[PDB]
Amino acid sequence: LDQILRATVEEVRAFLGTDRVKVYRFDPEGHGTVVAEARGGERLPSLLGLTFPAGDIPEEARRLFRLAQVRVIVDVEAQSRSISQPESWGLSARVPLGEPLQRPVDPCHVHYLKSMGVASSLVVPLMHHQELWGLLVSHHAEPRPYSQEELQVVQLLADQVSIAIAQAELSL
Ligand SMILES: *[C@@H](C)[C@H]1/C(=C/c2[nH]c(/C=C3N=C(/C=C4\NC(=O)C(CC)=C4C)C(C)=C\3CCC(=O)O)c(CCC(=O)O)c2C)NC(=O)[C@H]1C
């Protein structure tokens, strides 16, 4: 699995040429590990082999990853603002899909990325419909907005990858 993913992040990155693209596996406890990381160069430190703090993924958001497989952070310049204080939640039948087009992100995570030297982050999961094995995230040091064309690229590869991680798991 590791070898496959590592090969996936390196090759895919070459196509996106994005400052940094990595795969993030989710552990039932929340302790996920970087099993795939690509970088343009020694410009941005490598987070490979490092462990992220458990709980990095909130509650309302993580549930969306399982429901809509669609998340992205907008240019910090436009300064999207949000509050970690949501009103109730949707029902099983209802599937909330970013009511607004600006889907503002609370400041806590925005400045967090600023600390990472990132302005806009895109997320295109590499997993199943009702089950999340991991998450893919791309970093672009530009205030430019996200385009559907970007989705076209990962849509075909992500689906083939999400399948790879699923098929590879059977080995063990
Ligand atoms: C601050 C109190 C907390 C918080 C809230 C929060 N998180 C997001 C957005 C995202 N979080 C990430 C982070 C990652 N990038 C990575 O490199 C990795 C792998 C190690 C992760 C998991 C990203 C890219 C997202 C998804 C984009 C999105 O906006 O959904 C959100 C949005 C959810 C919402 O609207 O409430 C917020 C506001 N982040 C924390 O970790 C807490 C400390």
# chains A, B, ... in the order shown; residues from 1 in each chain; ligands from 1
call {"tool": "residues_near_ligand", "arguments": {"ligand": "ligand 1", "cutoff": "9 Å", "atoms": "only C-alpha atoms and all ligand atoms", "output": "PDB file with N, CA, C and O atoms, in the first residue's frame"}}
result
ATOM      1  N   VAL A  21       1.514  17.938  -2.859  1.00  0.00           N
ATOM      2  CA  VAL A  21       0.354  17.053  -2.894  1.00  0.00           C
ATOM      3  C   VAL A  21       0.671  15.807  -2.075  1.00  0.00           C
ATOM      4  O   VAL A  21       1.707  15.175  -2.276  1.00  0.00           O
ATOM      5  N   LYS A  22      -0.201  15.475  -1.132  1.00  0.00           N
ATOM      6  CA  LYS A  22       0.039  14.321  -0.277  1.00  0.00           C
ATOM      7  C   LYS A  22      -1.240  13.543   0.003  1.00  0.00           C
ATOM      8  O   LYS A  22      -2.340  14.094  -0.038  1.00  0.00           O
ATOM      9  N   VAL A  23      -1.074  12.265   0.327  1.00  0.00           N
ATOM     10  CA  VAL A  23      -2.207  11.417   0.672  1.00  0.00           C
ATOM     11  C   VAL A  23      -2.271  11.284   2.189  1.00  0.00           C
ATOM     12  O   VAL A  23      -1.237  11.193   2.851  1.00  0.00           O
ATOM     13  N   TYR A  24      -3.473  11.303   2.745  1.00  0.00           N
ATOM     14  CA  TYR A  24      -3.617  11.217   4.191  1.00  0.00           C
ATOM     15  C   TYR A  24      -4.577  10.099   4.583  1.00  0.00           C
ATOM     16  O   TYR A  24      -5.781  10.185   4.346  1.00  0.00           O
ATOM     17  N   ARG A  25      -4.026   9.055   5.198  1.00  0.00           N
ATOM     18  CA  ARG A  25      -4.831   7.915   5.627  1.00  0.00           C
ATOM     19  C   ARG A  25      -5.455   8.192   6.994  1.00  0.00           C
ATOM     20  O   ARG A  25      -4.786   8.680   7.907  1.00  0.00           O
ATOM     21  N   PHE A  26      -6.745   7.901   7.122  1.00  0.00           N
ATOM     22  CA  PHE A  26      -7.447   8.139   8.376  1.00  0.00           C
ATOM     23  C   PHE A  26      -7.509   6.888   9.245  1.00  0.00           C
ATOM     24  O   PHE A  26      -7.991   5.842   8.812  1.00  0.00           O
ATOM     25  N   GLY A  32      -3.961   9.839  11.813  1.00  0.00           N
ATOM     26  CA  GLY A  32      -3.607   9.530  10.430  1.00  0.00           C
ATOM     27  C   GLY A  32      -2.130   9.812  10.178  1.00  0.00           C
ATOM     28  O   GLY A  32      -1.520  10.632  10.864  1.00  0.00           O
ATOM     29  N   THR A  33      -1.556   9.118   9.200  1.00  0.00           N
ATOM     30  CA  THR A  33      -0.141   9.288   8.889  1.00  0.00           C
ATOM     31  C   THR A  33       0.074   9.645   7.423  1.00  0.00           C
ATOM     32  O   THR A  33      -0.673   9.208   6.548  1.00  0.00           O
ATOM     33  N   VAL A  34       1.126  10.415   7.160  1.00  0.00           N
ATOM     34  CA  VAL A  34       1.468  10.784   5.791  1.00  0.00           C
ATOM     35  C   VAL A  34       2.138   9.595   5.114  1.00  0.00           C
ATOM     36  O   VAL A  34       3.273   9.245   5.442  1.00  0.00           O
ATOM     37  N   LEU A  47       6.513  16.514   5.071  1.00  0.00           N
ATOM     38  CA  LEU A  47       5.694  16.062   6.192  1.00  0.00           C
ATOM     39  C   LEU A  47       5.559  14.544   6.175  1.00  0.00           C
ATOM     40  O   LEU A  47       4.702  13.978   6.852  1.00  0.00           O
ATOM     41  N   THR A  51       3.186  12.426  12.004  1.00  0.00           N
ATOM     42  CA  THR A  51       1.806  12.159  12.385  1.00  0.00           C
ATOM     43  C   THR A  51       1.074  13.458  12.704  1.00  0.00           C
ATOM     44  O   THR A  51       1.587  14.306  13.434  1.00  0.00           O
ATOM     45  N   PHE A  52      -0.130  13.600  12.164  1.00  0.00           N
ATOM     46  CA  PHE A  52      -0.925  14.795  12.410  1.00  0.00           C
ATOM     47  C   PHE A  52      -1.711  14.625  13.707  1.00  0.00           C
ATOM     48  O   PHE A  52      -2.030  13.505  14.100  1.00  0.00           O
ATOM     49  N   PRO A  53      -2.019  15.704  14.371  1.00  0.00           N
ATOM     50  CA  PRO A  53      -2.775  15.668  15.659  1.00  0.00           C
ATOM     51  C   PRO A  53      -4.192  15.130  15.471  1.00  0.00           C
ATOM     52  O   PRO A  53      -4.898  15.530  14.546  1.00  0.00           O
ATOM     53  N   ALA A  54      -4.594  14.219  16.352  1.00  0.00           N
ATOM     54  CA  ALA A  54      -5.925  13.630  16.271  1.00  0.00           C
ATOM     55  C   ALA A  54      -6.997  14.682  16.535  1.00  0.00           C
ATOM     56  O   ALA A  54      -6.923  15.435  17.508  1.00  0.00           O
ATOM     57  N   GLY A  55      -7.994  14.729  15.659  1.00  0.00           N
ATOM     58  CA  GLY A  55      -9.079  15.689  15.802  1.00  0.00           C
ATOM     59  C   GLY A  55      -8.926  16.821  14.794  1.00  0.00           C
ATOM     60  O   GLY A  55      -9.740  17.743  14.754  1.00  0.00           O
ATOM     61  N   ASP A  56      -7.880  16.740  13.978  1.00  0.00           N
ATOM     62  CA  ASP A  56      -7.641  17.755  12.962  1.00  0.00           C
ATOM     63  C   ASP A  56      -8.889  17.921  12.104  1.00  0.00           C
ATOM     64  O   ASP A  56      -9.209  19.022  11.657  1.00  0.00           O
ATOM     65  N   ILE A  57      -9.599  16.815  11.899  1.00  0.00           N
ATOM     66  CA  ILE A  57     -10.830  16.834  11.116  1.00  0.00           C
ATOM     67  C   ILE A  57     -12.020  17.071  12.047  1.00  0.00           C
ATOM     68  O   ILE A  57     -12.360  16.206  12.849  1.00  0.00           O
ATOM     69  N   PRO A  58     -12.643  18.215  11.970  1.00  0.00           N
ATOM     70  CA  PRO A  58     -13.810  18.553  12.840  1.00  0.00           C
ATOM     71  C   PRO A  58     -14.891  17.472  12.812  1.00  0.00           C
ATOM     72  O   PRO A  58     -14.611  16.304  12.545  1.00  0.00           O
ATOM     73  N   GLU A  59     -16.124  17.874  13.103  1.00  0.00           N
ATOM     74  CA  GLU A  59     -17.244  16.937  13.113  1.00  0.00           C
ATOM     75  C   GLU A  59     -18.160  17.145  11.906  1.00  0.00           C
ATOM     76  O   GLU A  59     -18.375  16.229  11.114  1.00  0.00           O
ATOM     77  N   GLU A  60     -18.714  18.347  11.786  1.00  0.00           N
ATOM     78  CA  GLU A  60     -19.610  18.662  10.676  1.00  0.00           C
ATOM     79  C   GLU A  60     -18.936  18.454   9.323  1.00  0.00           C
ATOM     80  O   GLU A  60     -19.559  17.969   8.378  1.00  0.00           O
ATOM     81  N   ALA A  61     -17.670  18.840   9.226  1.00  0.00           N
ATOM     82  CA  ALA A  61     -16.937  18.721   7.968  1.00  0.00           C
ATOM     83  C   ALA A  61     -16.667  17.265   7.600  1.00  0.00           C
ATOM     84  O   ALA A  61     -16.947  16.838   6.480  1.00  0.00           O
ATOM     85  N   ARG A  62     -16.104  16.512   8.537  1.00  0.00           N
ATOM     86  CA  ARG A  62     -15.776  15.114   8.284  1.00  0.00           C
ATOM     87  C   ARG A  62     -16.989  14.337   7.783  1.00  0.00           C
ATOM     88  O   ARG A  62     -16.861  13.442   6.949  1.00  0.00           O
ATOM     89  N   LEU A  64     -19.344  15.468   5.961  1.00  0.00           N
ATOM     90  CA  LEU A  64     -19.576  15.833   4.568  1.00  0.00           C
ATOM     91  C   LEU A  64     -18.665  15.023   3.650  1.00  0.00           C
ATOM     92  O   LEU A  64     -19.066  14.626   2.556  1.00  0.00           O
ATOM     93  N   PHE A  65     -17.443  14.775   4.107  1.00  0.00           N
ATOM     94  CA  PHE A  65     -16.497  13.990   3.329  1.00  0.00           C
ATOM     95  C   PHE A  65     -17.077  12.612   3.036  1.00  0.00           C
ATOM     96  O   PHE A  65     -16.786  12.009   2.004  1.00  0.00           O
ATOM     97  N   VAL A  70     -16.624  16.327  -1.551  1.00  0.00           N
ATOM     98  CA  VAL A  70     -16.374  17.604  -2.213  1.00  0.00           C
ATOM     99  C   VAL A  70     -16.010  18.687  -1.199  1.00  0.00           C
ATOM    100  O   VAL A  70     -16.879  19.196  -0.490  1.00  0.00           O
ATOM    101  N   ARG A  71     -14.732  19.048  -1.143  1.00  0.00           N
ATOM    102  CA  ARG A  71     -14.290  20.095  -0.228  1.00  0.00           C
ATOM    103  C   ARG A  71     -13.110  20.862  -0.815  1.00  0.00           C
ATOM    104  O   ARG A  71     -12.321  20.317  -1.589  1.00  0.00           O
ATOM    105  N   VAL A  72     -13.002  22.133  -0.446  1.00  0.00           N
ATOM    106  CA  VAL A  72     -11.940  22.984  -0.968  1.00  0.00           C
ATOM    107  C   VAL A  72     -11.877  24.297  -0.193  1.00  0.00           C
ATOM    108  O   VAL A  72     -12.903  24.815   0.252  1.00  0.00           O
ATOM    109  N   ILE A  73     -10.673  24.836  -0.042  1.00  0.00           N
ATOM    110  CA  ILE A  73     -10.494  26.087   0.685  1.00  0.00           C
ATOM    111  C   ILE A  73     -10.176  27.203  -0.310  1.00  0.00           C
ATOM    112  O   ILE A  73      -9.396  27.010  -1.242  1.00  0.00           O
ATOM    113  N   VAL A  74     -10.824  28.355  -0.141  1.00  0.00           N
ATOM    114  CA  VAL A  74     -10.654  29.465  -1.080  1.00  0.00           C
ATOM    115  C   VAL A  74      -9.520  30.425  -0.684  1.00  0.00           C
ATOM    116  O   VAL A  74      -9.073  30.458   0.463  1.00  0.00           O
ATOM    117  N   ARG A  81     -14.698  34.142   5.701  1.00  0.00           N
ATOM    118  CA  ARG A  81     -14.809  34.022   7.152  1.00  0.00           C
ATOM    119  C   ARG A  81     -15.983  33.141   7.561  1.00  0.00           C
ATOM    120  O   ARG A  81     -17.064  33.215   6.979  1.00  0.00           O
ATOM    121  N   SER A  82     -15.755  32.313   8.578  1.00  0.00           N
ATOM    122  CA  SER A  82     -16.791  31.416   9.074  1.00  0.00           C
ATOM    123  C   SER A  82     -16.634  31.194  10.577  1.00  0.00           C
ATOM    124  O   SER A  82     -15.607  31.541  11.161  1.00  0.00           O
ATOM    125  N   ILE A  83     -17.654  30.607  11.193  1.00  0.00           N
ATOM    126  CA  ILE A  83     -17.611  30.323  12.624  1.00  0.00           C
ATOM    127  C   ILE A  83     -17.883  28.844  12.873  1.00  0.00           C
ATOM    128  O   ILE A  83     -18.757  28.251  12.244  1.00  0.00           O
ATOM    129  N   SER A  84     -17.129  28.255  13.793  1.00  0.00           N
ATOM    130  CA  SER A  84     -17.292  26.838  14.103  1.00  0.00           C
ATOM    131  C   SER A  84     -18.581  26.604  14.888  1.00  0.00           C
ATOM    132  O   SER A  84     -18.694  25.633  15.637  1.00  0.00           O
ATOM    133  N   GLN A  85     -19.548  27.499  14.711  1.00  0.00           N
ATOM    134  CA  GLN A  85     -20.827  27.379  15.406  1.00  0.00           C
ATOM    135  C   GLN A  85     -21.962  27.143  14.410  1.00  0.00           C
ATOM    136  O   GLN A  85     -22.667  28.073  14.029  1.00  0.00           O
ATOM    137  N   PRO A  86     -22.156  25.921  13.990  1.00  0.00           N
ATOM    138  CA  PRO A  86     -23.236  25.564  13.027  1.00  0.00           C
ATOM    139  C   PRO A  86     -24.572  25.322  13.720  1.00  0.00           C
ATOM    140  O   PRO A  86     -24.622  25.068  14.923  1.00  0.00           O
ATOM    141  N   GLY A  98     -22.873  22.522   0.896  1.00  0.00           N
ATOM    142  CA  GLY A  98     -22.434  23.911   0.914  1.00  0.00           C
ATOM    143  C   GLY A  98     -23.551  24.840   0.448  1.00  0.00           C
ATOM    144  O   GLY A  98     -23.653  25.159  -0.737  1.00  0.00           O
ATOM    145  N   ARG A 103     -18.735  29.046   0.544  1.00  0.00           N
ATOM    146  CA  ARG A 103     -18.386  28.098   1.599  1.00  0.00           C
ATOM    147  C   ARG A 103     -17.215  28.623   2.426  1.00  0.00           C
ATOM    148  O   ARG A 103     -16.119  28.067   2.380  1.00  0.00           O
ATOM    149  N   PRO A 104     -17.432  29.668   3.180  1.00  0.00           N
ATOM    150  CA  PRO A 104     -16.366  30.297   4.016  1.00  0.00           C
ATOM    151  C   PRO A 104     -15.796  29.320   5.043  1.00  0.00           C
ATOM    152  O   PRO A 104     -16.529  28.519   5.625  1.00  0.00           O
ATOM    153  N   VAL A 105     -14.487  29.395   5.261  1.00  0.00           N
ATOM    154  CA  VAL A 105     -13.830  28.520   6.224  1.00  0.00           C
ATOM    155  C   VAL A 105     -13.436  29.292   7.479  1.00  0.00           C
ATOM    156  O   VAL A 105     -12.776  30.325   7.399  1.00  0.00           O
ATOM    157  N   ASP A 106     -13.835  28.776   8.638  1.00  0.00           N
ATOM    158  CA  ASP A 106     -13.507  29.427   9.901  1.00  0.00           C
ATOM    159  C   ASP A 106     -12.036  29.852   9.896  1.00  0.00           C
ATOM    160  O   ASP A 106     -11.209  29.207   9.258  1.00  0.00           O
ATOM    161  N   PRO A 107     -11.714  30.929  10.567  1.00  0.00           N
ATOM    162  CA  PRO A 107     -10.333  31.491  10.595  1.00  0.00           C
ATOM    163  C   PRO A 107      -9.285  30.540  11.182  1.00  0.00           C
ATOM    164  O   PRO A 107      -8.131  30.559  10.767  1.00  0.00           O
ATOM    165  N   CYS A 108      -9.680  29.730  12.168  1.00  0.00           N
ATOM    166  CA  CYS A 108      -8.739  28.810  12.819  1.00  0.00           C
ATOM    167  C   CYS A 108      -7.924  28.018  11.798  1.00  0.00           C
ATOM    168  O   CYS A 108      -6.706  27.899  11.927  1.00  0.00           O
ATOM    169  N   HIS A 109      -8.602  27.456  10.807  1.00  0.00           N
ATOM    170  CA  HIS A 109      -7.926  26.649   9.794  1.00  0.00           C
ATOM    171  C   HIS A 109      -7.282  27.506   8.707  1.00  0.00           C
ATOM    172  O   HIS A 109      -6.283  27.105   8.107  1.00  0.00           O
ATOM    173  N   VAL A 110      -7.855  28.671   8.441  1.00  0.00           N
ATOM    174  CA  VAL A 110      -7.319  29.546   7.404  1.00  0.00           C
ATOM    175  C   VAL A 110      -5.918  30.028   7.767  1.00  0.00           C
ATOM    176  O   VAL A 110      -4.979  29.871   6.987  1.00  0.00           O
ATOM    177  N   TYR A 112      -4.079  28.744   9.846  1.00  0.00           N
ATOM    178  CA  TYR A 112      -3.276  27.538   9.996  1.00  0.00           C
ATOM    179  C   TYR A 112      -2.529  27.254   8.702  1.00  0.00           C
ATOM    180  O   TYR A 112      -1.356  26.883   8.717  1.00  0.00           O
ATOM    181  N   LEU A 113      -3.219  27.444   7.582  1.00  0.00           N
ATOM    182  CA  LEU A 113      -2.606  27.224   6.282  1.00  0.00           C
ATOM    183  C   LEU A 113      -1.635  28.357   5.987  1.00  0.00           C
ATOM    184  O   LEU A 113      -0.537  28.129   5.476  1.00  0.00           O
ATOM    185  N   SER A 120      -4.666  28.573  -1.095  1.00  0.00           N
ATOM    186  CA  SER A 120      -5.819  27.804  -1.551  1.00  0.00           C
ATOM    187  C   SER A 120      -5.514  26.308  -1.561  1.00  0.00           C
ATOM    188  O   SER A 120      -4.548  25.865  -2.182  1.00  0.00           O
ATOM    189  N   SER A 121      -6.352  25.534  -0.877  1.00  0.00           N
ATOM    190  CA  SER A 121      -6.168  24.089  -0.819  1.00  0.00           C
ATOM    191  C   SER A 121      -7.377  23.373  -1.416  1.00  0.00           C
ATOM    192  O   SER A 121      -8.520  23.760  -1.176  1.00  0.00           O
ATOM    193  N   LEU A 122      -7.116  22.325  -2.192  1.00  0.00           N
ATOM    194  CA  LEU A 122      -8.191  21.558  -2.812  1.00  0.00           C
ATOM    195  C   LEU A 122      -8.195  20.130  -2.281  1.00  0.00           C
ATOM    196  O   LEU A 122      -7.136  19.540  -2.061  1.00  0.00           O
ATOM    197  N   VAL A 123      -9.386  19.582  -2.065  1.00  0.00           N
ATOM    198  CA  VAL A 123      -9.502  18.228  -1.537  1.00  0.00           C
ATOM    199  C   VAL A 123     -10.384  17.349  -2.420  1.00  0.00           C
ATOM    200  O   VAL A 123     -11.556  17.646  -2.646  1.00  0.00           O
ATOM    201  N   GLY A 134      -8.818   7.522   3.409  1.00  0.00           N
ATOM    202  CA  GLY A 134      -7.836   8.599   3.467  1.00  0.00           C
ATOM    203  C   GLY A 134      -8.321   9.828   2.709  1.00  0.00           C
ATOM    204  O   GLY A 134      -9.438   9.850   2.187  1.00  0.00           O
ATOM    205  N   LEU A 135      -7.476  10.853   2.653  1.00  0.00           N
ATOM    206  CA  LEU A 135      -7.837  12.088   1.966  1.00  0.00           C
ATOM    207  C   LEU A 135      -6.650  12.673   1.202  1.00  0.00           C
ATOM    208  O   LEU A 135      -5.526  12.697   1.705  1.00  0.00           O
ATOM    209  N   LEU A 136      -6.915  13.167  -0.004  1.00  0.00           N
ATOM    210  CA  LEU A 136      -5.872  13.785  -0.813  1.00  0.00           C
ATOM    211  C   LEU A 136      -6.054  15.297  -0.790  1.00  0.00           C
ATOM    212  O   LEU A 136      -7.176  15.789  -0.889  1.00  0.00           O
ATOM    213  N   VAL A 137      -4.955  16.027  -0.644  1.00  0.00           N
ATOM    214  CA  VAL A 137      -5.027  17.485  -0.615  1.00  0.00           C
ATOM    215  C   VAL A 137      -3.877  18.108  -1.402  1.00  0.00           C
ATOM    216  O   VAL A 137      -2.726  17.692  -1.272  1.00  0.00           O
ATOM    217  N   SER A 138      -4.199  19.112  -2.211  1.00  0.00           N
ATOM    218  CA  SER A 138      -3.191  19.782  -3.025  1.00  0.00           C
ATOM    219  C   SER A 138      -2.986  21.211  -2.533  1.00  0.00           C
ATOM    220  O   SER A 138      -3.937  21.876  -2.120  1.00  0.00           O
ATOM    221  N   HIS A 139      -1.741  21.674  -2.560  1.00  0.00           N
ATOM    222  CA  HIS A 139      -1.431  23.026  -2.104  1.00  0.00           C
ATOM    223  C   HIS A 139      -0.929  23.904  -3.245  1.00  0.00           C
ATOM    224  O   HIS A 139       0.015  23.549  -3.952  1.00  0.00           O
TER     225      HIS A 139
END
call {"tool": "select_by_dssp", "arguments": {"residues": "range 61-139 of chain A", "states": "alpha helix (DSSP H)", "output": "list in words"}}
result
residues 61, 62, 63, 64, 65, 66, 67, 107, 108, 109, 110, 111, 112, 113 and 114 of chain A
call {"tool": "residues_around", "arguments": {"residues": "residue 169 in chain A", "least_positions_apart": "3", "cutoff": "12 Å", "atoms": "only C-alpha atoms", "output": "JSON, numbers by chain"}}
result
{"A": [1, 2, 4, 133, 162, 163, 164, 165, 166, 172]}
call {"tool": "residues_around", "arguments": {"residues": "residue 158 in chain A", "least_positions_apart": "4", "cutoff": "10 Å", "atoms": "only C-alpha atoms", "output": "PyMOL selection string"}}
result
chain A and resi 8+12+124-127+136+151-154+162-164
call {"tool": "select_by_dssp", "arguments": {"residues": "chain A", "states": "strand (DSSP E or B)", "output": "number ranges by chain"}}
result
A: 20-25, 33-39, 51, 71-73, 120-123, 134-140
call {"tool": "write_last_selection", "arguments": {"atoms": "N, CA and C atoms", "output": "mmCIF file, in the first residue's frame"}}
result
data_model
loop_
_atom_site.group_PDB
_atom_site.id
_atom_site.type_symbol
_atom_site.label_atom_id
_atom_site.label_comp_id
_atom_site.auth_asym_id
_atom_site.auth_seq_id
_atom_site.Cartn_x
_atom_site.Cartn_y
_atom_site.Cartn_z
ATOM 1 N N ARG A 20 2.709 21.214 -3.414
ATOM 2 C CA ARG A 20 2.707 20.022 -2.573
ATOM 3 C C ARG A 20 1.393 19.247 -2.655
ATOM 4 N N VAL A 21 1.514 17.938 -2.859
ATOM 5 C CA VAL A 21 0.354 17.053 -2.894
ATOM 6 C C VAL A 21 0.671 15.807 -2.075
ATOM 7 N N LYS A 22 -0.201 15.475 -1.132
ATOM 8 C CA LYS A 22 0.039 14.321 -0.277
ATOM 9 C C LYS A 22 -1.240 13.543 0.003
ATOM 10 N N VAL A 23 -1.074 12.265 0.327
ATOM 11 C CA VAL A 23 -2.207 11.417 0.672
ATOM 12 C C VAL A 23 -2.271 11.284 2.189
ATOM 13 N N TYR A 24 -3.473 11.303 2.745
ATOM 14 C CA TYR A 24 -3.617 11.217 4.191
ATOM 15 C C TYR A 24 -4.577 10.099 4.583
ATOM 16 N N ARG A 25 -4.026 9.055 5.198
ATOM 17 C CA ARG A 25 -4.831 7.915 5.627
ATOM 18 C C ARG A 25 -5.455 8.192 6.994
ATOM 19 N N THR A 33 -1.556 9.118 9.200
ATOM 20 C CA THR A 33 -0.141 9.288 8.889
ATOM 21 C C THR A 33 0.074 9.645 7.423
ATOM 22 N N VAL A 34 1.126 10.415 7.160
ATOM 23 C CA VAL A 34 1.468 10.784 5.791
ATOM 24 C C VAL A 34 2.138 9.595 5.114
ATOM 25 N N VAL A 35 1.428 8.956 4.192
ATOM 26 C CA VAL A 35 1.967 7.789 3.506
ATOM 27 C C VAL A 35 2.349 8.117 2.067
ATOM 28 N N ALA A 36 2.142 9.368 1.676
ATOM 29 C CA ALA A 36 2.470 9.798 0.321
ATOM 30 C C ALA A 36 2.628 11.312 0.278
ATOM 31 N N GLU A 37 3.810 11.775 -0.118
ATOM 32 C CA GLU A 37 4.067 13.209 -0.167
ATOM 33 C C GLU A 37 4.988 13.582 -1.324
ATOM 34 N N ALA A 38 4.592 14.609 -2.068
ATOM 35 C CA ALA A 38 5.392 15.098 -3.183
ATOM 36 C C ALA A 38 5.595 16.601 -3.041
ATOM 37 N N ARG A 39 6.780 17.078 -3.397
ATOM 38 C CA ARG A 39 7.074 18.503 -3.292
ATOM 39 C C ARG A 39 7.944 18.962 -4.455
ATOM 40 N N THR A 51 3.186 12.426 12.004
ATOM 41 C CA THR A 51 1.806 12.159 12.385
ATOM 42 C C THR A 51 1.074 13.458 12.704
ATOM 43 N N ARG A 71 -14.732 19.048 -1.143
ATOM 44 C CA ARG A 71 -14.290 20.095 -0.228
ATOM 45 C C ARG A 71 -13.110 20.862 -0.815
ATOM 46 N N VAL A 72 -13.002 22.133 -0.446
ATOM 47 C CA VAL A 72 -11.940 22.984 -0.968
ATOM 48 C C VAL A 72 -11.877 24.297 -0.193
ATOM 49 N N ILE A 73 -10.673 24.836 -0.042
ATOM 50 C CA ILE A 73 -10.494 26.087 0.685
ATOM 51 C C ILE A 73 -10.176 27.203 -0.310
ATOM 52 N N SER A 120 -4.666 28.573 -1.095
ATOM 53 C CA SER A 120 -5.819 27.804 -1.551
ATOM 54 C C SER A 120 -5.514 26.308 -1.561
ATOM 55 N N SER A 121 -6.352 25.534 -0.877
ATOM 56 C CA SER A 121 -6.168 24.089 -0.819
ATOM 57 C C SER A 121 -7.377 23.373 -1.416
ATOM 58 N N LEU A 122 -7.116 22.325 -2.192
ATOM 59 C CA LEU A 122 -8.191 21.558 -2.812
ATOM 60 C C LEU A 122 -8.195 20.130 -2.281
ATOM 61 N N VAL A 123 -9.386 19.582 -2.065
ATOM 62 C CA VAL A 123 -9.502 18.228 -1.537
ATOM 63 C C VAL A 123 -10.384 17.349 -2.420
ATOM 64 N N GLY A 134 -8.818 7.522 3.409
ATOM 65 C CA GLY A 134 -7.836 8.599 3.467
ATOM 66 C C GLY A 134 -8.321 9.828 2.709
ATOM 67 N N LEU A 135 -7.476 10.853 2.653
ATOM 68 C CA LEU A 135 -7.837 12.088 1.966
ATOM 69 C C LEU A 135 -6.650 12.673 1.202
ATOM 70 N N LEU A 136 -6.915 13.167 -0.004
ATOM 71 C CA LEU A 136 -5.872 13.785 -0.813
ATOM 72 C C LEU A 136 -6.054 15.297 -0.790
ATOM 73 N N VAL A 137 -4.955 16.027 -0.644
ATOM 74 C CA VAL A 137 -5.027 17.485 -0.615
ATOM 75 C C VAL A 137 -3.877 18.108 -1.402
ATOM 76 N N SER A 138 -4.199 19.112 -2.211
ATOM 77 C CA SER A 138 -3.191 19.782 -3.025
ATOM 78 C C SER A 138 -2.986 21.211 -2.533
ATOM 79 N N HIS A 139 -1.741 21.674 -2.560
ATOM 80 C CA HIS A 139 -1.431 23.026 -2.104
ATOM 81 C C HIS A 139 -0.929 23.904 -3.245
ATOM 82 N N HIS A 140 -1.560 25.064 -3.406
ATOM 83 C CA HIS A 140 -1.164 26.007 -4.446
ATOM 84 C C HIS A 140 -0.926 27.384 -3.836
#
